[PDB]
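Below sits a lone chain in C-alpha cells, taken as the form deposited in one PDB entry.
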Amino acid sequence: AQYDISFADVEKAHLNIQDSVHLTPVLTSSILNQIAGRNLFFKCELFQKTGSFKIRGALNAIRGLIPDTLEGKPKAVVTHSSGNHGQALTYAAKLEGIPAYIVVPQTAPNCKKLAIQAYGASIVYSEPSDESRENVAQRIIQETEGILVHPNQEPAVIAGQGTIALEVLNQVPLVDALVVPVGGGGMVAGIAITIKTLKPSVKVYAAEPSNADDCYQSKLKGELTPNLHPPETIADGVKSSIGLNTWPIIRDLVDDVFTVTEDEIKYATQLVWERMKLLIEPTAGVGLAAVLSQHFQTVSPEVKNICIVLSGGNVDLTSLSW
C-alpha cells in the first residue's frame, strides 16, 4: 500500500498555498436536487484563480522548491500547454516572481493566449510543425538555465489538488460521496488520498467521457490502459490519460468510474448554466452528467449528499455546441 503522496503531503500543500488561492464556495440548487434525486453540493473551482483548480497543484509544485534563499529557486519556467495547465503554471510563476515563457504556435485561440500572458509570461512563437516547438523551448532553457514544465502528476501536484477535499470536508461535513472529473487523474487521486484517510466511509467516484475512457478501462482491466489515440470530446480538459503516478491510487481508493456520452456532457453543462447561473466549461459538466447517468442509479440512496467538483470555468465562448 505505497502511494506517491500521503495525507501529510496534502496538509502541507494546504499551508503552502492557502494565502494565494481562493477558498471557493459550495453552492446548491433545489431544482437540480429534484432532477438528481440527491442532495447536490457543487464545489465551485470555476471561481478559482486562473479559472480552474489547477493553480493548487501548480503552485505547490513551484513554491515548494525554495530551500530558503535565492539559490534553489528556478531561474525560469518554460511550457507549451496553452490550456488550463498553462494558465495555472504561469500564474504560479508570477506569484513566486519566476520568469516564465510559453511556446505556442498559431493554433491557440485569441482569448486563451490573452489569458496566458494575463499573468505576464513572455510568449514565444514557434512554427506550427509539432517538433519545431521542442527546439525553441530548448533554446529558452539554454539562455535562462531554467526548467521545462509539462502537464504533470508529480507528488506535489497531486497533493496540491487534494486540498479540494480538505475544504469540502469542512464545508459539507455530511458529504456521502465526491464526484470528480478525471483526466490525468491528479485531482481525483489527491481527493481520494485525503477523503479515504479522514473519512473512509465517504465514496470517491470518478467521472469520465466515454470518448476518453482510459480510466474506466484501466479499473476494468486491472492495469494501466492509456488511450489508444488522442480522444475526441467537448470535455477538452480531460483528454490526457491517467499515468504511473495516479493509477495505484485510482485502482485502490477510487470506488468507481462513471462514463458519460457527449450528449450527456452537453445536457449536464447546459443544466448548470441554466439553473445555477455558473459559467462552467463542458469538462466541469462531466461530474453532473455522471450523477444523472443511468449507471449512477446503482449507487445507494443512502449515498444522499453528493459533492460535485465544478473543476473549471474557462469556456471558449467563440465556439458553441448548443
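Between two forms, the rigid core is defined as the largest C-alpha subset superposing within 1.5 Å. Numbers for residues come from their place in the sequence shown, where the first is 1.
Here the stretch with the larger average CA B-factor, out of 71-79 and 126-134, is 126-134. Per the PDB record, of the two stretches 288-296 and 61-69, 61-69 carries the greater mean B-factor over its C-alpha atoms.
As recorded in the PDB entry, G120 shows the highest C-alpha B-factor of the residues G120, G162, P209, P200. If you compare the C-alpha temperature factors of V179, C111, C215, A235 in the entry, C111 comes out highest. In this PDB entry, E167 carries a Cα temperature factor that places it within the lowest third of its chain's modelled residues. Annotation for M187: C-alpha temperature factor in the lowest third relative to the rest of the modelled chain, per the entry. In the deposited entry, the Cα temperature factor of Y101 sits in the top third of values across the chain's modelled residues. In the deposited entry, the Cα temperature factor of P248 sits in the middle third of values across the chain's modelled residues.
In this PDB entry, the Cα temperature factor of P173 sits in the bottom third of its chain's modelled residues, the lowest group.
The same protein has a further form, the form deposited in another entry, not shown here; the description that follows concerns it.
Just one residue from the list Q117, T225, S210, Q171 crosses the 2 Å line for C-alpha shift between this form and the one not shown on a rigid core fit, and it is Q117.
Relative to the superposed core, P151 undergoes a C-alpha shift of no less than 2 Å between this form and the one not shown. The Cα position of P105 differs by 2 Å or more between this form and the one not shown after fitting on the rigid core. Once you line up the core between this form and the one not shown, the Cα of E96 ends up 2 Å or more from where it was.
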